[PDB]
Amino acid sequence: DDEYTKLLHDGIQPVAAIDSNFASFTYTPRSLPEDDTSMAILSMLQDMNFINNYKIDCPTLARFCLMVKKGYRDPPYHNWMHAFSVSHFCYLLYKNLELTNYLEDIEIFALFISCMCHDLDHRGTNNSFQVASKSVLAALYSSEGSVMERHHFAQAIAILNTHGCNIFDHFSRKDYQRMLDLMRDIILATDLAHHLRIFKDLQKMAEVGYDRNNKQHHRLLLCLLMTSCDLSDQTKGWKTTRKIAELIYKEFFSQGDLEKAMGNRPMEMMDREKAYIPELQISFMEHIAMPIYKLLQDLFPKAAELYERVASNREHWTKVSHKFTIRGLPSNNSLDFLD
């Protein structure tokens, strides 16, 4: 509530005042105190001129922002600080790439808001679990797939339709509808199965060359950008990829434990007794993360450094893989862990 009063009455801080490096790809948004993140959301929207552009009511935007923030739970990885750093990367794309040369302003706006909302109310489990768990969410969504992502969109709808939070409601009925369809498309695009589905369309687009008058190129690019935001912890330094691996596997292994307790056997990557983190992390980087930033690079030449960084981080993982084998004695100087 004090977050609310401050967000409403203190005024929107300039991004430079947050950090001199705030709009650089080298900046790590997770370094920002979590208490300051709602303010940074407003600063980013102000700096992209969307608040003035779309005549957004700031009190409404403030309320919406805090609703979205409090709409995240606290699993190790899929929490608000994830959504925030994903949203900040969207902002980095805006500042560093000429997105406006590819996308309409409304599409860019939708992408940013979608980043904020895209994992709303995540419970720290994947889509497969909801099914096996017999959760309410599976009952609601399983027959169409993308269970969690459908729930993320529905939560965003629920927030927008909370009194005083509808940042869009002055839009024309036409633009209001476009915003809902954009957010749905974009949030559904964060399901890995969707990404795999559209991947060769993304390639074909990258091959034939992007066409600004091709509206399905707009739609494809929006998905590519959304996924590149979702995975953007991989584009910072080694310490960020190391720390995020830790959060991810903590979350994964917590799911695996639950699957064992209900008498099921988790995927290997969810099973703390089978999962070999360097291999799993290297696979994810080689098959999912790097192809995404390579497509980003093929479309935006200035995104080359993002790809190079991800690849460089991948090679860093290969270099420390050996450390997961205990050579010599443990730090204990004890073999008691064998018993």
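Throughout, rigid core stands for the largest set of C-alpha atoms superposing within 1.5 Å between the two forms. Counting begins at 1, following the sequence as shown.
Larger average C-alpha displacement in 9 other deposited structures of this protein, relative to the shown form after a rigid core fit, is seen for 272-280 when comparing 60-68 with 272-280. Stretch 118-126 is the one, of 118-126 and 207-215, whose CA positions lie farther from the shown form in 9 other deposited structures of this protein once all structures are superposed by the rigid core. For the segment pair 155-163 and 262-270, the entry gives 262-270 the higher mean B-factor, averaged over Cα atoms. Annotation for 222-230 versus 170-178: the higher mean temperature factor (C-alpha) is found in 170-178.
The residue among 120, 244, 108, 138 whose C-alpha carries the highest B-factor in the deposited model is 138. Ranking 85, 142, 240, 79 by the C-alpha B-factor listed in the PDB entry places 142 at the top. Ranked by C-alpha B-factor against the other modelled residues of its chain, residue 326 falls in the middle third. In this PDB entry, residue 314 carries a Cα temperature factor that places it within the middle third of its chain's modelled residues.
Ranked within its chain, residue 23 lands in the lowest third, by CA B factor from the PDB record. The entry lists a Cα temperature factor for residue 98 that places it in the highest third of the chain's modelled residues. Among all modelled residues in its chain, residue 255 ranks in the middle third by Cα B-factor.
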